[PDB]
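In the deposited numbering, the protein residues as written are 172 to 269. Just so you know, even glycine gets a beta-carbon here, dropped at the ideal spot from N, CA and C.
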């Protein structure tokens, strides 16, 4: 079940396909529980709508460029900026190797 940005509902863990409209530098803080945690700010858009993306921990180091096609798996909910998607898995579809 591949979701669109319009199919995203609060407390929904799912995977979507969208374009990276904005890519912001990572951030490094400490979780309330004591363990270290990273944070990276992103923006995604699709024909069905647009959403604000959020990478945690090692995912905040992941290379994501403005204009690249990415498939983002995350936990969407209501709260930050109205609706935030806490990314669980992220990958750039256009990637390749030797």
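Buried versus exposed call for residue i [16 or more other C-beta atoms within 10 Å across all chains shown]
i, result
"residue 225", "buried"
"residue 237", "exposed"
"residue 253", "exposed"
"residue 211", "buried"
Per-residue DSSP class, three states only, for residue i
i, result
"residue 234", "coil"
"residue 269", "coil"
"residue 260", "strand"
"residue 252", "coil"
Beta-carbon proximity check, residue i vs residue j, cutoff 8 Å
i, j, result
"residue 243", "residue 214", "no"
"residue 241", "residue 264", "yes"
"residue 246", "residue 184", "yes"
"residue 261", "residue 217", "no"
"residue 227", "residue 208", "yes"
Opening and closing residue of the beta strand (DSSP E) in which residue i lies
i, result
"residue 196", "183 to 201"
Beta carbon proximity, residue i to chain B, threshold 8 Å
i, result
"residue 210", "The chain labelled as chain B is not found in the depicted structure, where only one protein chain is given."
Rounded distance between the beta-carbons of residue j and residue i, thought under 8 Å
i, j, result
"residue 223", "residue 178", "Rounded, the Cβ-Cβ distance is 16 Å, inconsistent with contact."
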